[PDB]
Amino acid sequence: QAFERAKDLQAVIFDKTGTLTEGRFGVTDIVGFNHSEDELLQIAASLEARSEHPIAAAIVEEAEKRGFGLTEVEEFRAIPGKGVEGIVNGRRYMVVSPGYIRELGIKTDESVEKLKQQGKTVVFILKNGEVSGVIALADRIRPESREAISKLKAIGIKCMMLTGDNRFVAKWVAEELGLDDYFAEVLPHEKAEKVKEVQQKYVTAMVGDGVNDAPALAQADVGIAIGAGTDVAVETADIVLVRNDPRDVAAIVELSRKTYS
């Protein structure tokens, strides 16, 4: 009777990662300090071409997205605890972590703090030992998510999120989406209890992975397993969405409000 009782929902809680966000790192910002952004990306991706680190891979992917060819790096070195280094265009470049910038005693532009305050992962590009720019990355918000939330708010549903991610990341996603509430630092075995807390006020849906988030979906009044695919049957969720489109939650509620069976 899950489709039928969707009409009576008052609150929807999304698990963040993979549902409202892509579930992988992506470049959000490129900031040059008297240095072009396209050049910054091209150089950084050139230097990170051989890395297996997910952040390096995301930088390389953004250069692919923008159609930037890579440059052969001379005197390449990978330095654990710092980053990577190479000669490009007769200048010594590095792509390094903020930890290393601090260990080198290098000052950073005050503007970079805004990126850190969004919980973004920041990579520094150095040119001859001076900061040339930064690239910021996040588990990016899905294109569909802003509309998924706006549709739900339009029908009076409180839109919430839980995540194991830190409060900076959680706040950033919540603010981008205009969420009514969010819960950060929620470990897997604590998700069901957060659903229960919301149910103190609201008939509540939980939206998440039917396999990983089974207990929270079970606690919800309507457990919506999303991105379930067509291989592993999710026997335990109330409603299972094959694809991974958060706008389908509003579609279920809106159609339920038009119908009975």
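Residues carry their position along the shown sequence, with the first being 1.
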{"property": "Residue range whose averaged C-alpha B-factor is higher in the record, 86 to 94 or 186 to 194", "result": "86 to 94"}
{"property": "Greater mean Cα temperature factor according to the PDB record, 152 to 160 or 104 to 112", "result": "104 to 112"}
{"property": "Candidate residues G26, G229, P54, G67, the one whose C-alpha B factor the record puts highest", "result": "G229"}
{"property": "Out of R77, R140, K171, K127, residue topping the C-alpha B-factor column of the entry", "result": "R77"}
{"property": "Chain-relative CA temperature factor third for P215", "result": "highest"}
{"property": "Cα B factor band for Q10 (lowest, middle or highest third within the chain)", "result": "middle"}
{"property": "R243 - which third its CA temperature factor falls in, relative to the rest of the chain", "result": "highest"}
{"property": "Within-chain third of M206 by Cα B-factor, per the entry", "result": "lowest"}
{"property": "Position of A250 among the chain's modelled residues by C-alpha B-factor, lowest, middle or highest third", "result": "middle"}
